[PDB]
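Before any comments, here is the structure.
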Amino acid sequence: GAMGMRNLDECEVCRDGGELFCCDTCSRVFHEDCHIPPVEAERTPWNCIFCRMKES
Ligand SMILES: [Zn+2]
Ligand SMILES: [Zn+2]
């Protein structure tokens, strides 16, 4: 994108239809890491795990 980085072409899991659990800001930076691990219980795509990672 113009101001967005969706490097999903190198993202095997995106082709599989994998969901992102990161916000725009974190996905553009850690897209590959943001697919790991997908939560198989409460799939909350609006909940950013990388933002929640910076708890301290
Ligand atoms: Zn991806
Ligand atoms: Zn985030």
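Please note that chains go A, B, ... in the order of the structure tokens, that every chain numbers its residues from 1, and that ligands are numbered from 1 in the order shown.
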
Which residues of chain A sit at most 10 Å from ligand 1, using only C-alpha atoms and all ligand atoms? Give each one's shortest atom pair and distance in Å (one decimal place), in chain and ascending residue order, as a tab-separated table.
residue	atom	partner	partner_atom_place_in_ligand_line	distance
A:6	CA	ligand 1	1 (Zn)	7.3
A:7	CA	ligand 1	1 (Zn)	6.8
A:8	CA	ligand 1	1 (Zn)	4.5
A:9	CA	ligand 1	1 (Zn)	7.8
A:10	CA	ligand 1	1 (Zn)	7.8
A:11	CA	ligand 1	1 (Zn)	4.7
A:12	CA	ligand 1	1 (Zn)	7.2
A:13	CA	ligand 1	1 (Zn)	6.0
A:14	CA	ligand 1	1 (Zn)	4.2
A:15	CA	ligand 1	1 (Zn)	7.8
A:16	CA	ligand 1	1 (Zn)	9.3
A:17	CA	ligand 1	1 (Zn)	8.6
A:18	CA	ligand 1	1 (Zn)	7.0
A:19	CA	ligand 1	1 (Zn)	7.6
A:20	CA	ligand 1	1 (Zn)	6.8
A:27	CA	ligand 1	1 (Zn)	8.3
A:28	CA	ligand 1	1 (Zn)	9.7
A:30	CA	ligand 1	1 (Zn)	9.4
A:31	CA	ligand 1	1 (Zn)	5.6
A:32	CA	ligand 1	1 (Zn)	5.9
A:33	CA	ligand 1	1 (Zn)	8.7
A:34	CA	ligand 1	1 (Zn)	7.6
A:35	CA	ligand 1	1 (Zn)	6.2
A:36	CA	ligand 1	1 (Zn)	9.7

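Using only C-alpha atoms and all ligand atoms as the basis for the distance check, residues found within 10 Å of ligand 2 are residues 21, 22, 23, 24, 25, 26, 27, 28, 29, 30, 34, 46, 47, 48, 49, 50, 51, 52, 53 and 54 of chain A.
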